[PDB]
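So the structure is just underneath, and the comments pick up after that.
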Number of protein chains: 4
Amino acid sequence: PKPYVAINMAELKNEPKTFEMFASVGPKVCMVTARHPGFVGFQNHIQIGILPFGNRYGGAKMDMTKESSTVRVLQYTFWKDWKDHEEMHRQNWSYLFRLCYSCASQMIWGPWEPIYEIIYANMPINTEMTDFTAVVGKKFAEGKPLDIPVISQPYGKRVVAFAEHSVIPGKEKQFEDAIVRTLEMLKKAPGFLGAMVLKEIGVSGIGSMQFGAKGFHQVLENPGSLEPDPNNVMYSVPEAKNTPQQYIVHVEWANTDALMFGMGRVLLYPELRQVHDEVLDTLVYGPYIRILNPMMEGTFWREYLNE
Amino acid sequence: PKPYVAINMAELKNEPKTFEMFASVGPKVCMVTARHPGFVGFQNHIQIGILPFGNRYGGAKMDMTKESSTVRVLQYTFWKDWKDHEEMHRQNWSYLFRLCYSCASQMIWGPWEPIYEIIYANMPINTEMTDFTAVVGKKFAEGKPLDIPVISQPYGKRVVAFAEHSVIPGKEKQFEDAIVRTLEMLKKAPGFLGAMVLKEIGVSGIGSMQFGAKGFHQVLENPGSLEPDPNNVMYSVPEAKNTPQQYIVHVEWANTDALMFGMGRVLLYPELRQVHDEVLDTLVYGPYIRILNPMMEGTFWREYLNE
Amino acid sequence: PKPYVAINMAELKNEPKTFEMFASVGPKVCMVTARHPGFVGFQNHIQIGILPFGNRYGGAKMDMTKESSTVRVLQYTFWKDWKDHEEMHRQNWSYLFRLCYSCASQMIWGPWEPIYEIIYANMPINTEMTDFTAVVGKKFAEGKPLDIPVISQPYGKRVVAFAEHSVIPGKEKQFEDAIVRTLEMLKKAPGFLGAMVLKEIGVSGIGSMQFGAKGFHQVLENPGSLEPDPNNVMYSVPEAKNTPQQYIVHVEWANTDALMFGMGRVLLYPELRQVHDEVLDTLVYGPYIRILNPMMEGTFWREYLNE
Amino acid sequence: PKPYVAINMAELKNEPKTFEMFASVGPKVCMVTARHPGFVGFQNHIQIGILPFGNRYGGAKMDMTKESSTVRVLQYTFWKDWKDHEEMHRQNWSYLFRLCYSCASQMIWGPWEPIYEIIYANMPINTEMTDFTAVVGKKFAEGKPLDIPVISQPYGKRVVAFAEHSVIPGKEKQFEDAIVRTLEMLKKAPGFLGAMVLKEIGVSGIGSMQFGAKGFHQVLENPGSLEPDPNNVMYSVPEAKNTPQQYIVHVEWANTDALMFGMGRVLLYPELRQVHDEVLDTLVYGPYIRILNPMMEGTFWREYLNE
Ligand SMILES: [Fe+3]
Ligand SMILES: [Fe+3]
Ligand SMILES: [Fe+3]
Ligand SMILES: [Fe+3]
């Protein structure tokens, strides 16, 4: 079934110490999150750059890692029920807060953790290049060659287009209908590895370290080993849902060239351009497209997705 | 009276070429904007850093300019009526678009131009250190020594705390009452040069280069000398207003130490801390505090503010 | 169906500034061209070298990019009707001219844009290495394993042999019959990714910036933002068709070794040599073979080709 | 059928001289071992690092070869009956001892040669990337597409997780049942190339150069060309079997990322975590996981395994 998605976002100093902490602390956070039976996996990204759209963002390029002073992370966690995410945070708060807070020395902005419903998904299971022979054998044995997926390699060996959209109030249905039509046509592009549309349902105060006054002071005053009061979050997840409605159009690609020209198909192929124009007419903001590297992941979220 | 504020936000490459364009293109944009009689001035900022709040943002510091790969600009223009801004853009679109678009080669994100109303202001006229003798003489001659302001030096010779807040729906009145009480007490801090509270009323699509499909393609395909259809903006300013409600708490300071410990007064002075706690209990996001340098400005906006 | 092909040819300075402009301006031109419903895609090449034919061109090699002072581009655009190309140029002249003229600072020769009919095509859809599993599954499910193509990777991950021929008047049918027989046999060579034969039908004056006196002066005098009179082109496309008849034999290969020995099969394999000798007997000029890299492309042109 | 496994373990100086001897002496030892008809192949490893388990072993990393002062080798030989190994050593003692003893100048610890039975195996035949087309063709021709293996590349082109476990006496059956259930679920992880469970049955005294007093002196006093008395081993293989019972869980992976996150599936995927917890409850020691490179091997041992 379709899981819910929590995306923890932060910006940190682009230096070796940061990536060393990703390597030691990141796995610990994921192991704690996996204590909850509603957890069905994760996909953690670093932003490597920005799609320049010609020279609309002429100061950007798809890989800015060599020059950037910061690194943005976008950590997707997947949940049977979005309420499972909220319960997990509170049930394991002592570990989670102390782990997450240890990243403070590297932090410039965040954490900020919106929650999403998936309204469309065409996403395959991940496979390594070593797996495809067995995958093909099995699908033919089952008499379902149509279910043989493209090879979507895990652990940093593909790239993601993270396309931000916000929609004019009242035009949500037009956006959703048109973007689904767009993505159903987009899958013809070479190197297309899947797409999904995420629709914001709210924001996790606790995941964003956004408490009332009491918790705020506890965060600011923390030596690193004392939990803020987890009951001091002052808003529920839906209370923080944004209007204009926010969406993420998440599209995966074999490589950054396939991404650039593939995403570009909605501009370069007249038939698809006409369909995608219906998306563009609904927007308050976007499309703004971040280029992401899915480095650390629990690929079994796609097994749950596709059952 | 209190003007409306349009804040054009962008992120650009941190390199000499960017600042060379600020120097050449910036004044031209301001001269075009001054064609409209509703224009009452401007205050243009570059972000120099982020308030670390101890080590809550431990990767940040108040001056990050030597290390940062990007520069964020926040260009305030002040307007008698917010519709004056929208009218100005359209009446002068040929000049404005071509000027603004010439920055494309340096752009990483933006432009994004929310519009605000000022709901609280305690902001003095700017004066240079050469002026105070005459200011004092004049106020005494008028029998109004209480009207003698602090010395708030223009053109990069003071600093700004730009504090982002978003508020739980239904808690706006508590936020507004508490932040005003806070700022009324904060003005006792040494080096305090003024404060105002901005409340978002919407977003300028045309100022954000956010069009329908037609205008989007014209922007992407532009050689630099052809205007997108200015009538192709698909939403009014209020249609893009965010919920949760967004605010900016803008506080000016003599120097960054006065900023750090002065803003810190809401955490360090128990009586004020109790008042400011009422602000904190209402928040979805924040406070996140950017440190800004007000470099290029039309100081006469404060003459309008203060009659 | 078979589209018509326009090939925009130019020679530019081989320096980073040139490739920076390819990256920013190139996509803009393609997006403008895609405004026309007759546009079915594109395949844009840079020449990387010349086939030396042993040491017949002993000063040449298949990759001369490290030493060359110039770069030659060959930009294929594909059209339902060649008249669509002419209409597109005129309907979007303000954008197209200003964009294309921006390349002037780098130009040494060109642009020159002949138009071609495709008289033979054996060209597959492009696929990335990630795609083949799904392609195979799909074709077997449809009961068409014979329609499973070789893997022709897009975006610079294969090479093109661009073979120029001009034919003795009266020998066009002998050439055409012989070259088709040759290419039908050539497809047995390892790494063969497809071939097509292009026959010149004329030249686009407007695409070649070739006007009468009025337009010529407007081009020479242009500050960059003023269109030459598009009605000042003095000849139709067919009026410029060359005699001796010109052809391009376009053959794609997995890599330059496969190209060298694969194209060499018409010299090294006695059965094929006898067939290709019938081609050679018809020539005024050629074969002269440029080695091309298809870097930027709209791969859906092959979808139109293959229906 | 399942062969027995002798694993000769040693630690040597990490310097070119050591690897030069691997290259010269290694093949000779294997050729001597192949004199015995019970020999069914071999798989020789060097340890490249240690799995850090987050920062549980924070001083370790998966590839420590650039910094390490030593190299650990783990040489697997496979046998129809474990007595074949003991017989092979004695029948060829003159050659084997002199060859093995020539490594003395590089040795820091070892040799130590436990013997194991395989109690669980899901291990494919090795194939190179050149082979898979023929493998697939053959399996389909035989009507057994389910028998098509993943591509497990020989000769250092994959990696091994070597997971040490010792089990509380009386809890062996719980361990064995739980680890098999774990590995049956683990095979879903991307890049999984196979797993087997080895259960220690004893230690080869002669393979470990562990003699009585007489043989010990002959070893210490050896000029290199005189055999210790092979009859002076004072214990049989089963007499040296350890209690607590020792096991090796041997899992093969496409690459070290697939290893890290794949092995991590038993911690990160709640359903699998619950199963693997039953393993953890039985342990005296472990899991301690060595990262191995299977460099030199006789791949036909898997042909015996799989008939
Ligand atoms: Fe979370
Ligand atoms: Fe504006
Ligand atoms: Fe053209
Ligand atoms: Fe042995």
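Here is the naming used below: chain letters follow the sequence lines, and residue numbers restart at 1 for every chain. Heavy atoms only: backbone and side chains are in, while hydrogens, waters and symmetry mates are out.
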When rounded to the nearest 0.5 angstrom, what is the spacing between [atom1] in [X] and [atom2] in [Y]?
{"X": "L283(B)", "Y": "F211(A)", "atom1": "CG", "atom2": "CZ", "answer": "13.0 Å"}
{"X": "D281(B)", "Y": "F216(A)", "atom1": "CG", "atom2": "CZ", "answer": "11.5 Å"}
{"X": "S166(A)", "Y": "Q210(B)", "atom1": "OG", "atom2": "CD", "answer": "7.0 Å"}
{"X": "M107(B)", "Y": "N55(A)", "atom1": "CE", "atom2": "CG", "answer": "11.0 Å"}
{"X": "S105(B)", "Y": "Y57(A)", "atom1": "OG", "atom2": "OH", "answer": "14.5 Å"}

Which heavy-atom pair separates [X] from [Y] by the least distance, and what is that distance?
{"X": "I50(A)", "Y": "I108(B)", "result": "CG2-O, 4.0 Å"}
{"X": "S68(B)", "Y": "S69(A)", "result": "CA-OG, 3.5 Å"}
{"X": "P244(A)", "Y": "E239(B)", "result": "CG-O, 4.1 Å"}
{"X": "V284(B)", "Y": "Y235(A)", "result": "O-OH, 2.8 Å"}

Considering only heavy atoms, which portion of [X] lies under 4.5 Å from any heavy atom of chain B: side chain, backbone, both, or neither?
{"X": "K17(A)", "result": "neither"}
{"X": "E221(A)", "result": "side chain"}
{"X": "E67(A)", "result": "backbone"}

Using a cut-off of under 4.5 Å on heavy-atom pairs, state which of [options] scores highest against chain A.
{"options": "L280(B), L12(B), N222(B), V233(B)", "result": "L280(B)"}
{"options": "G212(B), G170(B), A104(B), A60(B)", "result": "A104(B)"}
{"options": "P52(B), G54(B), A240(B)", "result": "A240(B)"}

Count the heavy atoms belonging to other residues, nucleotides or ligands that lie under 6.0 Å from [atom1] of [X], then report whether that count exceeds 12.
{"X": "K66(B)", "atom1": "NZ", "answer": "yes"}
{"X": "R181(B)", "atom1": "CZ", "answer": "no"}
{"X": "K199(B)", "atom1": "NZ", "answer": "yes"}

Which of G215(A), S208(A), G110(A) touches chain B most, by non-hydrogen pairs under 4.5 Å: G110(A)
Proximal component of [X], with respect to chain A [non-hydrogen, under 4.5 Å]:
{"X": "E11(B)", "value": "neither"}
{"X": "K61(B)", "value": "neither"}
{"X": "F53(B)", "value": "both"}

Is the closest side-chain heavy-atom distance between [X] and [Y] below 4.5 Å?
{"X": "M209(A)", "Y": "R56(B)", "result": "yes"}
{"X": "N242(B)", "Y": "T243(A)", "result": "no"}
{"X": "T282(A)", "Y": "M234(B)", "result": "no"}
{"X": "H217(B)", "Y": "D277(A)", "result": "yes"}

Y285(B) ring center near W112(A) ring center (under 6.0 Å): yes
